[PDB]
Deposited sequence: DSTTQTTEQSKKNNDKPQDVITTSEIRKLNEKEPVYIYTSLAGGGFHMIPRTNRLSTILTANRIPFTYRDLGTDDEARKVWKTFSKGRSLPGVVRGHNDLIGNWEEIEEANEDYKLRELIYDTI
């Protein structure tokens, strides 16, 4: 399943940190800009439960976590949380 970093390009530098963490864990990703991407907007609004952007989404609508949660999985180094939910 493809992995995305949900963002708002017009969110904050935190996107760059997220990108660095995924690359470090050899996780390929592409960006999704909620400023222009209605699918991403729908997914983030439905599932974020008020969590702030940015974040990581797998496939069409599997919200893995926002930046803070991704940070947390990374210091536990279980960021490959996102392939097993």
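Residues 1 to 32, 43 to 47, 123 to 124 of the deposited sequence have no C-alpha coordinates in the model.
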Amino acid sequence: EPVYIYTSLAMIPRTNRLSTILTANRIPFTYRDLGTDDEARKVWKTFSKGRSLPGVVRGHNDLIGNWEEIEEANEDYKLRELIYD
From here on, numbers count along this sequence of modelled residues.
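The stretch with the higher mean CA B factor, choosing between 73 to 81 and 16 to 24, is 73 to 81.
For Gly59, the recorded CA temperature factor ranks within the highest third of the chain's modelled residues.
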